[PDB]
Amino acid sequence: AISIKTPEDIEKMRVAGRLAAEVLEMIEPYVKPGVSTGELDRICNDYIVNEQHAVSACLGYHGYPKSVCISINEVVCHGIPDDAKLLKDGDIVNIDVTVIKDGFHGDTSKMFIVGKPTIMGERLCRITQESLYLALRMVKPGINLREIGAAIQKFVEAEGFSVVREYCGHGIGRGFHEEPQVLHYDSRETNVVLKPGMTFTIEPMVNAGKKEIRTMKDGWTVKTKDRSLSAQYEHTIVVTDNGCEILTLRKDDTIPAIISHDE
């Protein structure tokens, strides 16, 4: 019973998606060795509230205490900004942003590499983004979400990496999380034929080591069980009549905003 957005709803999601992307573009010059993740989160929240006139969807959500999630190295997701935690040379860092504007959500994340990359960190981030991009190139009416999940997993595993099972992409709109689930791996349970006007995220988490994860005792932070590096990228999109439109595109993305499968 999946939600179909109107043209007017989609325009509001273009606005909210642009805002979420713009948080990531804004924060970039601050993501440097020696900065604290607590400071990055304050910069983001101040920007969202005071400049964008929007709200963070994460703040207070199930009690989450901060405005963005900042996940470093072996942290898979839900890293909590902390004034004591300083970024350092070689770190891979996900910043995941969700804003609400005019009732609609925009949800996106990217990796930043701090200082001189490690070769493995760079490779892991690259393959993770590539897995998102290959999925985006498949989105069009009539395709099944199952085909997309299977393709992400095939691609990632061929690189000797693994796909986290637990924290899938999602429908999004007036609600933060809506149907459907967007799995990043193959499942016989998945049977969702895309229709124009569906809006959802794709947000693969890819581990350099094994797929298993662990939640820390703080009740939020998720790490790889084997302490291998983990990376994630996320975009919010709308299914169009012949493809998709990426609502959270940034200037540094290297895929077109509008992907068309028509002749």
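If you superpose the two forms and keep the largest set of C-alpha atoms that fall within 1.5 Å, you have the rigid core. Just count from 1 along the sequence shown to find any residue number.
Fitting each structure in 9 other deposited structures of this protein onto the rigid core and averaging C-alpha distances over structures and residues, 186-194 emerges as the more displaced of 186-194 and 105-113. In this crystal structure, the stretch out of 148-156 and 93-101 whose C-alpha atoms carry the higher mean B factor is 148-156.
Taking the PDB entry as given, 162-170 carries the higher mean Cα B factor of the two stretches 126-134 and 162-170. Which of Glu203, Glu39, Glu28, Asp226 has the largest Cα B-factor in the deposited entry comes down to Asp226. The residue among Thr118, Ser71, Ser109, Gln181 whose C-alpha carries the highest B-factor in the deposited model is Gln181. Ranked against the other modelled residues of its chain, the C-alpha B-factor of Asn50 as given in the entry falls in the highest third.
In the PDB entry, a CA B factor belonging to the highest third of its chain's modelled residues is recorded for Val192.
Among the modelled residues of its chain, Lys217 has a C-alpha B-factor that falls in the highest third according to the deposited record. Per-chain ranking of the deposited C-alpha B factor places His62 in the highest third. Ranked against the other modelled residues of its chain, the C-alpha B-factor of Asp253 as given in the entry falls in the lowest third.
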